[PDB]
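Atoms within each ligand, like the ligands themselves, are counted from 1 in listed order. Heads up: numbering here begins at 1 and tracks the sequence. All heavy atoms count here, side chains included; hydrogens, waters and symmetry mates do not.
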Amino acid sequence: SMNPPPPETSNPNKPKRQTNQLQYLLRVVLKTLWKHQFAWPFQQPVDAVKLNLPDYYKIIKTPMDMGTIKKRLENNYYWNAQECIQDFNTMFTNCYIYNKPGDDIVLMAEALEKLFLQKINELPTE
Ligand SMILES: CC(=O)c1cc(-c2cc(C(=O)NC3CC3)ccc2C)c2ncccn12
């Protein structure tokens, strides 16, 4: 089996900004989720070869992971916070699409998503 190339984390012709909302997404949101006991399945792209999930990238056509999001934030890849929030939501949604309800990995995603929602509830204005 083969994995696909990972999502891009740098693109010199993509316009970039560093806003206070994006700084919050790195310093508060990403850092809170990254240190969590349940973060580890989400800290890198799914290696469907090593995990013996040959159908993963047949089902998941918009992969996303926190390793990618971390690199994007540290590279100032984004223009606005909504782009980054969409990446997080894609990662959670992919987990719920691929896995069975009640699987341990789904419980892990739900726990991270609850914290995610609590932090973005206080996303600073501007
Ligand atoms: C997000 C998702 O659905 C998901 C993630 C994992 C997962 C991936 C890795 C991994 O790829 N590590 C790379 C370094 C080699 C490791 C451990 C786990 C539990 C998983 N395993 C079974 C079903 C679903 N998943």
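- Think of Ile59 as one node in a network of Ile, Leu, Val, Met, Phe, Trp and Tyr side chains linked at under 4.5 Å; its network also takes in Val46, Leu51, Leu53, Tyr56, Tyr57, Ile60, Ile97, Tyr98.
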Are any protein N/O atoms closer than 3.5 Å to the N/O atoms of ligand 1? If there are, list each pair with names and the distance to one decimal place.
| unit_1 | atom_1 | unit_2 | atom_2 | d |
| --- | --- | --- | --- | --- |
| ligand 1 | 3 (O) | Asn99 | ND2 | 3.0 |
| ligand 1 | 11 (O) | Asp47 | N | 2.8 |

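- Stacking of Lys71 on the aromatic ring of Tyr77 is not recorded, the 6.0 Å distance cut-off and the 45° axial limit not both being met.
- A donor and an acceptor atom, one from each side chain of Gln86 and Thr90, are located under 3.5 Å apart.
- Judged by distance alone, the side chains of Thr68 and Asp65 do bring a donor and an acceptor atom under 3.5 Å apart.
- Stacking of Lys70 on the aromatic ring of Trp34 is recorded, both the 6.0 Å distance cut-off and the 45° axial limit being met.
- Side-chain polar atoms of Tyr78 and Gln21 form no donor-acceptor pair below 3.5 angstrom.
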